[PDB]
Structures are given as C-alpha cells and as structure tokens.
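Think of it as A, B, C, D and E in the order they're written, each chain with its own count starting at 1.
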C-alpha cells in the first residue's frame, strides 16, 4: 500500500504535469492493495464473534 | 557575473553582416529557473520559443557534475559560434571595405 | 583522479581531442583538424598606456588556473 | 539622442529546435539523427535505424521513440546502424547525447573522425607514452597519462 | 512508513518545489500504512482483556 504512493511521488517528480493523469491509476491499486488487508482482517473479526 | 551577453557579427550573406547576441543566464540562476519550470505546467511564454519541460525534467534527474558540464559545454558552443560568425563577418565585410578603398 | 585535481571538464575534452588528433592518419582531414587543436592565442590587459598579459589562466591544458 | 538605433537579433532564434511533444500518436519507424562536432555537422537529420553510445555509467543503445534523456559520452567509439544493415563507427571526444520521445537524436561532440583515418601503429607508441605519463609521479602528467590511456584503451579494444 | 517518507525525501531531492503538493499524499500513505498496524495492535489487546 505504501509502495503505490512511494512510486507515485517518483513519477510525479519525473513529470508533475502527469500527477493529475496518475492519481486515478494510483488510488485504484491503493485500494485494491488495501482491499486484501480487509479480506485478511475481516477473517480475524469474523473468527470470534460468530464462532462458539 | 549574473548575466553574460555575448555579442558578435552574424553573416546572413555577402551583403549582410549584422549584429547578433546570445543571452547567457548564470549557472545557479539557470538551475533555479529550471527547477521552477520543471514543476508547473509546460507552456511557452513567447512566440517562437520552444517548449522544454521534458528536457528540464530529464536534466532534473541529471546529477550535479553532469549538469555543470552541460552548462559549461553549451555555453562553450555558444561562444564558439560567436567566434566563427564574427570571423566570417570579418572576412565578409572586409572585401567591401577593400573594394571601396580601391 | 583528474576531476579533483582542479582541471575543468573543458580542459578534459580539449586534452582528449589533442590526443586523438595525434593518432589519426595523415591526410586532408588531419591537415585541417590540427588547426582545431593547436594553441596559438594569448590574453592581454591594457595598462594606463602599455600592453600586458593577463596570465591568470594558462592556455596550455596541463596547468591549473588559479 | 537616437532611441536605440541598433536592435541585435537573438542569435538563438536562427536555429530551429524541436518541439518535444508528449505524444498524441504513434512512434516513427526510424530515428532522425543529427551529429555535430564543434561547429559543423557531419550528419544532419539523416534517417537511421539504431545507434549505440558509450557513456560514463556504461554502454547504451537507442531505437525509435526511446525514452527522453540527456547524458554525457565517454571518450571512445560510437556505433551507428542504418536501415540498410550497414554500419558506421566514429571516434569521438566527449559530448552530450540528446534523445527524445518523439524519436530524434542530437549528439553534440567536440571531435568526430571515422575509423578509416586511424592507424593502430601510431596508436601503439601513444599507449606506452600514456603508461609512462601515468607512472611518472606528477599531478601534472599523471592525470594526463590516465586520460590518454582513457582514450586509447577503447580504441585499443575496438581495433583488436 | 519508511518507504513513504523515503519517497518523499527522494522526491524533494528530485523536485524541491513539488514537496508541498506531494505532502498530502505522503501523509495519506503514512496514515493508511499505519492503519493496518493499528488494527493489528488492536487485536492482540482485544485478544486478552476480554477473553477468558
């Protein structure tokens, strides 16, 4: 998740005029990289409050 | 020096030896202009002026010693073109100021 | 190395060019291009009425300006 | 007085540089090369297929629409390859390669000589001259020998 | 987190004037990179003081 913004800063520095073009291609994976964490975290949340 | 104006004679033709100039900013000031320009959008502020944003960013990646060589190099070529053009203008207008003496 | 010795990148290029002109064969190309490496210029600064050489920067490439 | 009788034109305007655009189309099929030594060009906007440079970081190669870049040239050889499969080598003395995304090459150098006008025999003596200069302990001659060897060794390996 | 601040530093070294406009994305990748650490830390404490 941090890697996406980490590379976004590098590409924004290489061509700041592409920053507007690049943030749509940055938030997508940023969520979809974070999304697995939710899928990884929901398990731990689902593992206790429903199991006997 | 803060700005170096090279002056020389431009040979447009055998009957045309006019003046011409190169305006050289300072190295530090040219790098500050390059850093200020590399951020904002690329727009030409003068008719006939070429855009240079992709160059100013590729140079922005370029290290210090190489950018200093880029500056001293291209200023050396500018000076050398001034010499070759004034040499040609000397050998071009002298013939007119010789046949008029005759 | 040569960088920190005090010589410039321009003296470096001119030295390399002066070396390359030696090795190339003899012909009209060398007969012309040796002009592009020979050192014949000088510097002068005017006194009150007399001429004097501003020798703060040597023309030879081996030396270091100071 | 007269109100500024003279008006010297900015000499930069006489040159017609490219307008490097971000690209709203395809890439060209062949680079447009323009080699220049001190003032005069040897090659002006020739269509070429490929080119291989020697730089300080290493040895690079270029094709049409290569990424926008600018960099030094190590004192050595330069290889060029036209669309006809042939080749052209040029010994160079430093310079600056200016590659573009549109596909354009502006290699500004100090010297540019073909290989045909060079003899290994004359280079041979200059080798041990450079070695003696490097081994001679003196800051004025040591670095001169290191640089002379820096320019002969690429030629020494290019000839062999 | 160190990858995000290392990107902000290298970006400022690449484009200093851009450092202000890249900073909201550095704080955003810092916060959301710390968020998963926060939930991970939350679970180990929610594992002990409530369960028998």
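What we mean here is this: contacts are C-beta pairs under 8 Å (C-beta built on N, C-alpha and C of every residue); 3 or more make two chains touch, one makes a residue touch a chain.
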item	value
Core chain by centroid distance, with centroids computed from Cα atoms only	D
Whole-Å gap separating chain A and chain E, where each centre is the average of the chain's CA atoms	12
Distance between chain centroids, defined by C-alpha means - chain D, chain E (Å)	46
Inter-centroid spacing, chain D versus chain C (mean Cα positions, whole Å)	21
Multi-chain contact sites of chain B, meaning residues that touch two or more partners	38-39, 54, 60-61, 69, 73
Set of chain C residues in contact with two or more other chains	9
Set of chain A residues in contact with two or more other chains	13-14, 16
Contacting chain pairs - touch in the sense defined above	A-B, A-E, B-C, B-D, B-E, C-D
Touching residues on chain A, where the partner in the complex is chain E	1-10, 12-14, 16, 19, 23, 30, 34, 37, 41, 44
Chain B residues touching chain C - in the complex, by the definition given at the top	65, 68-69, 72-73, 76
Residues of chain E touching chain A in the complex	1, 3-4, 6-8, 10-11, 14-15, 18, 21-22, 25-26, 28-29, 32-33, 36, 39, 43
List of chain D residues in touch with chain B within their complex	6, 8-14, 17-22, 38-39, 68-72, 96, 98, 100-101, 108
Residue ranges of chain B touching chain D (in the complex, touch as defined)	7-8, 10, 18-23, 48, 50-52, 54-55, 58-59, 62, 66, 69-70, 73-74, 77, 80-82, 84-85
